[PDB]
Amino acid sequence: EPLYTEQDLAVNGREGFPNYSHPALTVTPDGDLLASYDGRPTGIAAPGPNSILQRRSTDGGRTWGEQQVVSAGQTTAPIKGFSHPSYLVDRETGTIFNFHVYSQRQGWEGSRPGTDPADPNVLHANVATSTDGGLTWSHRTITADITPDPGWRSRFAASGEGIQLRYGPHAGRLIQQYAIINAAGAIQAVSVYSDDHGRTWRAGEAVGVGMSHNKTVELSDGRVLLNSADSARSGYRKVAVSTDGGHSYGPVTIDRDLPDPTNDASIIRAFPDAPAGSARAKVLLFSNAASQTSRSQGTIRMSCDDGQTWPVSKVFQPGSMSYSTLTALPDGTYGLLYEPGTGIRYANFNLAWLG
Ligand SMILES: [As]
């Protein structure tokens, strides 16, 4: 019964880019898998004129089509880069979003306050929207929409995959996590969300200190669990929980069950369509580097109690393992798009493999 397959989707130096990074994975409403990541073209510019790329599988992840460009970096001055994709599917409308950085002159650290897309010293937040299953895209810079405090100096959508709430008064809400640098220079986490199917986006209340890229997941009772890397380097993930559909979070604490070397992770519902409060609705899967000292020992953990306990875990990548993102596939198995050091690798496993 156990299933664990893997195949590279992007290898550094092949298919036009010296480096590929920052995986995003999703399943379209029609059932295709989309894998996205950024390509850093040959060059020494930083932030570089990266592109957001995509590959599609129409056979459940077995084979993958040609690498396509979602957002094309501009390699001539004025330089423009697009990186760190996150997919978000509105399963009610069928629309697919791909959030990503839009860089010009400044990266994360160098960005300064401002929301004018024409300002090249701002690290901008973009989102691409597709109503045709990811074939074609329209683009928006949404920095102004998601910067309620002009003191916020910088932001990026955490690469990976966002969510749509299924439960409660905000059912249908689309939620994409961001990390920001606030006025005081702290790194905080904040949910960016839409209650109108992606027509408009806003930021919620930022939370925490020493945060980083972070992810959210809807628990069995509709609470939204936020799970962040810790830029203060505790050796663990940081967690907080929202009771208002991701708008605001309670206190942030380190989660001793989730060792982490300060690196990306993903956390998903194993049964995203399970009804509220059901046993299956309590099941979470988590992927990250379990090593506290390096980006290695990629591990999947499972919780059957809304993330309170993680009684099952298994290493999927003993070696180098940086960013990773999980998605639930229609066939009941799980896709895992991750960085083995050589680019972007796609794995598919089932719960039987987890044991
Ligand atoms: As479990």
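All residue numbers given for chain A refer to Swiss-Prot; the residues shown span 48-402 in order.
Even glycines carry a Cβ here, placed using N, Cα and C.
In sequence order, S68, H69, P70, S206, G207, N310, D311, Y385, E386 are the residues near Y370 (active site, nucleophile), counting only same-chain partners six or more apart with C-beta under 8 A. Taken residue by residue with DSSP, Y370 (active site, nucleophile) is part of neither helix nor strand, so it is coil. Taken from Swiss-Prot, the feature active site, nucleophile applies to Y370.
Residues or ranges marked as repeat 'BNR 1' in Swiss-Prot: 102-113. Each residue of the repeat 'BNR 1' (102-113) gets a DSSP state, and the totals for helix, strand and coil are 0 helix, 3 strand, 9 coil.
The helix, strand and coil residue counts that DSSP assigns across the repeat 'BNR 2' (175-186) are 0 helix, 5 strand, 7 coil. The repeat 'BNR 2' annotation in Swiss-Prot covers 175-186.
Sequence-remote contacts of a segment are chain residues at least 6 beyond its ends whose Cβ falls under 8 Å from one of its Cβ atoms, and for the repeat 'BNR 3' (239-250) they are 135, 137, 139-140, 142, 144, 172, 174, 176, 189, 192-195, 204, 217, 219-225, 292-294. Taken from Swiss-Prot, the feature repeat 'BNR 3' covers 239-250.
Positions annotated as repeat 'BNR 4' by Swiss-Prot: 287-298.
Proximity of distant same-chain residues to the repeat 'BNR 5' (348-359), defined by a Cβ-Cβ separation under 8 Å and at least 6 residues beyond the stretch ends, is recorded for 264, 266-268, 270, 272, 274, 286, 304-305, 314, 317, 326, 329-334, 398, 401-402. Look at Swiss-Prot and you will find 348-359 tagged as repeat 'BNR 5'.
A Cβ distance under 8 Å defines the sequence-distant neighbours of the repeat 'BNR 1' (102-113), meaning residues of its chain 6+ beyond its ends; these are 54, 56-57, 78-83, 181, 376-378, 382, 393, 395. The repeat 'BNR 5' (348-359): residue composition by secondary structure is 0 helix, 4 strand, 8 coil, according to DSSP. According to DSSP, the repeat 'BNR 3' (239-250) comprises 0 helix, 5 strand, 7 coil.
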